[PDB]
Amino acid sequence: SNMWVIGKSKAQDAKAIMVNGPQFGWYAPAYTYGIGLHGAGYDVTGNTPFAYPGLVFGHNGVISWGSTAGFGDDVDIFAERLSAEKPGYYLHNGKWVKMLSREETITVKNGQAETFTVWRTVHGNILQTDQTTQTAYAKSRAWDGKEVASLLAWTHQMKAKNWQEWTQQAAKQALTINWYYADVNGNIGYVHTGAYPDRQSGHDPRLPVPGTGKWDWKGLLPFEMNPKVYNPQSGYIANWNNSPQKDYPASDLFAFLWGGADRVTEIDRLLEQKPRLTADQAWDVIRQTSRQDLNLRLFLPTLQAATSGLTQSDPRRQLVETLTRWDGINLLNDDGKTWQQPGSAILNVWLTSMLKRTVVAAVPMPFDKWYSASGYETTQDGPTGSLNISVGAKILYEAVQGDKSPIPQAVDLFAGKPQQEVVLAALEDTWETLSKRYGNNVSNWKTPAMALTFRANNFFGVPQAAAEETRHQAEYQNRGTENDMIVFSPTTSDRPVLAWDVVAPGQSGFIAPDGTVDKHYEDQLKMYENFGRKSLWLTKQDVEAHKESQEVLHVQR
């Protein structure tokens, strides 16, 4: 999930520009819901996931807000000590404490019903138990019991009129989420929000801790500790689920790392490029980053150095020259199914081969399968979410940095061979594989493009529409599920704020009993595909001016 916020000093013909592309997968009917709320202290416009009471993306005519997943470490596992005798008890602070339990009945359409028990300790619900060790794992969340307050902080922030009021609400959001701010005066801000544990000294947050007492968190860290910036010296704020600040520790997921190879660099490159950006230029970064190969930049120097002393008639040198001629931007051919350049196919084969010879080789089975992905995933429906640099690829980047890398190389991943020799061997594998399928003439390689699918099943894998409701887009775009832009103090208008969004397929998922589809069921689908956008209205006169219908209700509590 990406975001770019541009302040006074970087903005051209406006005072502040906010562009958000939350990435949640692509669904039919839309993941988010468009809504404007005027009354009881609220005056907002925007869209929000699952029509939550609070709007994750929008503005109130004074300030604008947005979000991106935080990925801080806010969950720890407690190894609970059970006795063989005296069951449903666990040892805590030298006493055998009884567990909370609840019975549950799963009713099944056309099958027998099923019942089970859920167990809970002071640390959290029990995940799994190992009756051989006499250990049970309880999952402890720093936000346990602040779920409802997090929702309400997301709602009350819509009424803030300045940074001061806005951060009072940011302080109550307990989930690990990045929050972004912009205002009518050109002020911009960022807060890495959430509840984080105050851990015991010598607690390694990557691995379980005994739940017998000594390892129990001391409490939660204060909000003064949460990374934040207000009106940064650069004139902008960019994030693509990268580290908030220097030395901030990421989630404990084995598959998640914050290293020198990060996709946020692709955004930075573009924002530093122009001294000032207009709104169209700010919107335009969505198109470029949507189409950018993420590995080109990281490994081109490595491939260039390795093939420098090779002959022109050497196929491994040819392949690097193709990539050298390429900008990394994927474009579809006229056929709507293949890419213009073979770069991504080359990097995908090369990278898979490199991983198998280096990272995969150093890790015992079956942990070796965690590091073998190149990050070019997909099926026929294309990727289920965003494209990123794989974990194996981030670890291989540090290795190819040698001594320029801050990560001590305990095992030499190249296993005593010079780097160049492993690179050339992987390049030989690439050539052998690709030449076999497409031929020897690299210039006529017509490689398959990734596609986009608006799925009928929600993210849980549960149907939220009929299978036939599934929509397909020819070009895969590494962008938000929705994209929204807020422009404060345009010099171009009389209006103090301008805002746009796109909610595809459409606003409504309604289908009448006879099979009659709503008028707004899919009127935003083509707009999505060609990087278009629709105006978001706030004021009564704009709303009135654009009204298509009215409904008045008289209800009393």
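C-alpha atoms forming the largest set that superposes within 1.5 Å between two forms make up the rigid core. Numbering starts at 1 and runs along the sequence shown.
Comparing 126-134 with 325-333 by root mean square Cα distance to the shown form in 4 other deposited structures of this protein, with the rigid core used for the fit, gives 126-134 as the more displaced stretch.
Stretch comparison, 311-319 versus 450-458: after rigid core superposition, larger RMS CA deviation in 4 other deposited structures of this protein is found for 311-319. Of the two segments, 470-478 and 211-219, the one listed with the higher mean B-factor is 211-219 (C-alpha atoms only). With 88-96 and 323-331 compared on mean CA B-factor from the PDB entry, the stretch scoring higher is 88-96.
Note on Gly61, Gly70, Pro490, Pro53: the highest value goes to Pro490, judged by CA B factor as recorded. Ranking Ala261, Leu396, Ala113, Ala250 by the C-alpha B-factor listed in the PDB entry places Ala113 at the top.
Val555 sits in the highest third of its chain by CA B factor, as recorded in the PDB entry. In the PDB entry, a CA B factor belonging to the lowest third of its chain's modelled residues is recorded for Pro244. When the modelled residues of the chain are ordered by their C-alpha B factor, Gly34 lands in the lowest third. In the PDB entry, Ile346 places in the lowest third of its chain by CA B-factor.
Sort the chain's modelled residues by C-alpha temperature factor and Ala14 lands in the highest third, per the entry.
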